[PDB]
Structure formats: C-alpha cells, structure tokens
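As structure tokens, the structure follows; a few thoughts come after it.
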Amino acid sequence: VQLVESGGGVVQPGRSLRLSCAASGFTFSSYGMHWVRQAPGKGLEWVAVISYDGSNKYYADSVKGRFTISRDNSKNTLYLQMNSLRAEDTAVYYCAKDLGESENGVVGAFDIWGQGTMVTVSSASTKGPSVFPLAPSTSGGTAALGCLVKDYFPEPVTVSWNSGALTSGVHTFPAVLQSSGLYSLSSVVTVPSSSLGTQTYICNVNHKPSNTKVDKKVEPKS
Amino acid sequence: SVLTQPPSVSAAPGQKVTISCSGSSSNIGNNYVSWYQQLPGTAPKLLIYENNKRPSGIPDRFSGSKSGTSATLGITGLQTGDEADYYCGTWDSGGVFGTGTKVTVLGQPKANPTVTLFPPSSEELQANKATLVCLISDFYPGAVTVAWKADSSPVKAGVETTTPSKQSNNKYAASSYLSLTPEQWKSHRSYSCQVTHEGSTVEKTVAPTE
C-alpha cells in the first residue's frame, strides 16, 4: 500500500489550494478516506473525512466552513479542496486510509498514511532577517549570549559566530513559524562568564534567498 | 475534545512502559481507541486499533486495553527503535487525537533543564516590537511543557515553542518565544518561563527594569 500526497506549497491567506493524494496498493473505492494535519511541531489534528462513496463528509470546527474534502475513485486520488486559507491551517497534511474491518461509513482507524505534503500559508514575500542581541545576564561558571534572528522569510538561514572562528559552545535552534507568517530562530554561545568583557562576539547571520548578511556584535549590558 | 495522555513516559531498555489515555465516556468510553506511533520525520504509524487488537507486522510487544474512560498502550522489551511520538485516537458517531506522548528509551540518567531566559533587547524595543526568548538546554528525556507567566498571571499569546532536538552531548534542547507589545512588556513587573520536565517545574524570570 502507498499513499502519496501532492500539491503542497506556499500560499497567501484568503486564497485557495487543493491537495492531491495518489492512493495505490488497495481498492480505495471500499475504504473511507481521511485528511490529517500536523502543524510543526504540534500533535496530530484530525482535519476532514470522506466516505467510501463520497456521501458522508465531516470536518473540524477549525475547518468546518472553508474546506471541502472530495475524492476521485477513478484516479484513486483523495482531494482536500482548501479555500480561504488561514495562518493556523499551515500544517503537514496527511492522506490517511480508513480501516473498515470485521464484516457488518465507516470508522476512525488509520492503518496507512502518506508522506504528507507541507502547506505553508503566509501573506508574505521574501522578508529580510531582523537580528537582535541576546546580551548575557549567566549561571557560573558559565554564561550565555546569542542572536535572535527574527521576522525573516523564507527558510534556509545560516548563522555563525566570529566568521567561522567559533564552532564550540555554540547551539543554533530550529526555526519557528511566528504569528506574522514569518520565521524566528536563535543562535546561542555558551562561554566562560569571566571571558565576557574581553572577547568580542558577533553572530554572522546570512539569509541567502533575500540576499541579507546581518552581523551583530553581542555584548552584555550595564 | 481533548484526550489526556502524559507528555512523556520513559523506562530502560528491556523494560515495560505503559501509556494511558484518560478523558470522558463520550470520547473514550463509548468508543474505539486507536494508538499511533510517529518517528521523527515520518508519517504516523498504526500500532493498535479497536482498543486491544493488533495488526500483522507489529511486534507482539505492543499491547492495548480499554477499561471504561481509560485506555492503555504497553511496550515490553524497550528498544531505541521505540523512541517516538505516540498518539492515541478514536472515532465517534472521525474523532480526536491525544495531546501526544513521547517515549524515550533511557540511555542515561534524567538530566534536568538548564533554563536561560533572554528579555527583548533595547534594540528590539526600538522597533515597537518585543520577544522574550526562553532557552532550555541539557535535558533528557526530550519532553518539556513550557508555560509563560505575566507576573504570577498566565499568558497565552505570542507563545511559539520548538520540538526538542538532541545536542552534541546527546541531551535534548528546545526554545520558546513570547511575542509581546512593548507596552505589555513595560506593563508587567516581570514575565517568567515555567518549564515542566518529567514532573519537575523550573521558573526563570526577567523584568523590564534590567
């Protein structure tokens, strides 16, 4: 059995998008089909359902109005016609089979799932990264500094420190999808709390797509 | 419409782990329960259906049960390949999933989280924006429940938190942000980062007066 989603890309809120799920390795015409979404990095959220025939159709309240799950048994494809997309509909949509078993629709058990196509709804063009200094406070004998790479878009950002001359003590966290349809991540360096005043520290952020190369000297306060 | 399962359960290799699903009769009681595994960067996988029944291909060391308003998934002989997000689900006449239970086959002692919270920079306030960055480090297993608190009052807004990732010391690390208006920031004596880990709860705090 194989489920292969399709038609997953970036979209502006309000506009439309229809995901396609090429199903194979089974009948499809005799199993109900589900759609499930998993926003990074939250849990599984049950989206919509369509019966084996296409009669019964059910959605979540967070989706009730604006989505219309359909399906094409001729092509063995499930369709999630998503209209009027919003921000918190951004998720990894999952084509999921239903397990209708044991004789005399249908039921809620998903034996097989698809790879899942990521939909990133965002009213946003390529935004350059705004970088902010995470000036230390410190929990002896160690202190922490960093750079909040925020309000950037899209997503490949590369951060370094001291132009490559600082690999150890460093930890760059994953990017998060913000409440502005942009992104945010932080870069951190863990150093001796005694070395603060002397050593200069620069986060060398580099958003390649938008062509921005931000550099922020991080130091403590007063 | 919220099925209750703990964020984390964790045993040693070879041991039993059980994951519970408590809720209400309308959700779990009168209905079938189904358990799903999810390795990181993979689609969910069906483990258990109809409370206790099992598919062919699933190792026999995956058990299921339902006693009224409670349902249990067990795992004997724990092996690293069991490290995953386990979700419980159900139907009702689709239905609802669990909060998400992580499983970690302990390869080391529980390390408690080192919390380093950063306030919004004066440079960030010079753009009429503000973000508090809580940075939780060196912890194991990789399951933390971050709550923010304006003064002792709670706060729901601006919260974005990452799914933990293993560092180079094999212990996990994550981060939570708090997107605030500079007025709100300057309108509370202190914001705080409550970090719950394996039952323990750590609180770091900052104030605009710093």
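Within each chain, counting starts at residue 1; across the structure tokens, chains are named A, B, ... in the order shown, with ligands numbered 1 upward in that order.
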Practice prompt. Tell me which protein, DNA and RNA residues are within 12 Å of residue 208 (chain B), counting only C-alpha atoms, leaving out same-chain ones fewer than 6 positions away, and put them as a PyMOL selection string.
Written response: chain B and resi 118-122+125+130+132+151+182-192
Could the residues of chain A that have an atom at most 6 Å from chain B be listed as a tab-separated table, each with its closest atom pair and the distance in Å to one decimal, counting only C-alpha atoms and ordered by chain and ascending residue number?
```
residue	atom	partner	partner_atom	distance
A:41	CA	B:163	CA	5.6
A:43	CA	B:100	CA	5.9
A:108	CA	B:91	CA	4.5
A:111	CA	B:46	CA	5.0
A:115	CA	B:43	CA	5.7
```
Put those residues in a file: N, CA and C atoms, as a short mmCIF file (atom, residue, chain, number, x, y, z; two decimals), in the first residue's frame.
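Written file, out-v3.cif:
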```
data_model
loop_
_atom_site.label_atom_id
_atom_site.label_comp_id
_atom_site.auth_asym_id
_atom_site.auth_seq_id
_atom_site.Cartn_x
_atom_site.Cartn_y
_atom_site.Cartn_z
N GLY A 41 5.44 22.15 15.63
CA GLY A 41 5.73 20.73 15.80
C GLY A 41 4.69 20.09 16.71
N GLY A 43 0.87 18.22 17.77
CA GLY A 43 0.37 16.87 17.59
C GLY A 43 -0.50 16.70 16.36
N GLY A 108 -13.05 5.19 12.54
CA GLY A 108 -11.90 6.05 12.72
C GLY A 108 -10.63 5.32 13.15
N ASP A 111 -4.81 2.90 9.35
CA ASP A 111 -3.75 1.92 9.21
C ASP A 111 -2.58 2.44 8.38
N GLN A 115 3.16 10.23 2.99
CA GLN A 115 4.32 11.03 3.37
C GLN A 115 3.92 12.36 4.00
#
```
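The gap separating CA of residue 123 (chain A) from CA of residue 184 (chain A) is 16.1 Å, in Å to one decimal.
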Practice prompt. Give the alpha helix (DSSP H) residues of region 96-159 of chain B, as DSSP finds them on the backbone, and put them as a VMD selection string.
Written response: chain B and resid 122 to 125
Worksheet entry | strand (DSSP E) per DSSP on the backbone: members of region 34-218 of chain A, as a ChimeraX atom specification | /A:34-38,45-50,57-59,67-72,77-82,91-97,117-121,130-134,142-152,170-172,176-177,183-192,201-204,215-218
Worksheet, complete the sentence: In terms of only C-alpha atoms, the residue from B:104, B:76, B:24, B:63 at minimal distance from residue 39 (chain B) is B:104
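Among the candidates A:117, A:163, A:211, A:73, the residue lying nearest to residue 35 (chain A) is A:117 (atoms considered: only C-alpha atoms).
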Practice prompt. Measuring atom to atom with only C-alpha atoms, identify which of A:97, A:208, A:37, A:57 is nearest to residue 23 (chain A).
Written response: A:97
Discussion item. Quick one: residues within 9 Å of residue 89 (chain A), only C-alpha atoms, excluding same-chain residues fewer than 4 positions away - as a PyMOL selection string?
Written reply: chain A and resi 37+39+62-63+85+119-121
Would you write out those residues with C-alpha atoms, as a short mmCIF file (atom, residue, chain, number, x, y, z; two decimals), in the first residue's frame?
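Written output follows (selection-v6.cif):
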```cif
data_model
loop_
_atom_site.label_atom_id
_atom_site.label_comp_id
_atom_site.auth_asym_id
_atom_site.auth_seq_id
_atom_site.Cartn_x
_atom_site.Cartn_y
_atom_site.Cartn_z
CA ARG A 37 -2.71 17.77 9.58
CA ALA A 39 1.42 21.80 12.35
CA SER A 62 -11.40 24.89 12.91
CA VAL A 63 -12.04 23.84 9.31
CA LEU A 85 -6.74 29.52 3.97
CA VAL A 119 1.27 23.64 3.32
CA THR A 120 2.73 26.96 4.47
CA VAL A 121 0.02 29.62 4.28
#
```
Discussion item. List the spatial neighbours of residue 139 (chain A) as JSON, numbers by chain - criterion: any atom at most 9 Å away, only C-alpha atoms, same-chain residues fewer than 4 positions off excluded.
Written reply: {"A": [143, 144, 193], "B": [116]}
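The closest residue to residue 30 (chain A), picked from A:67, A:135, A:77, A:100 and counting only C-alpha atoms, is A:100.
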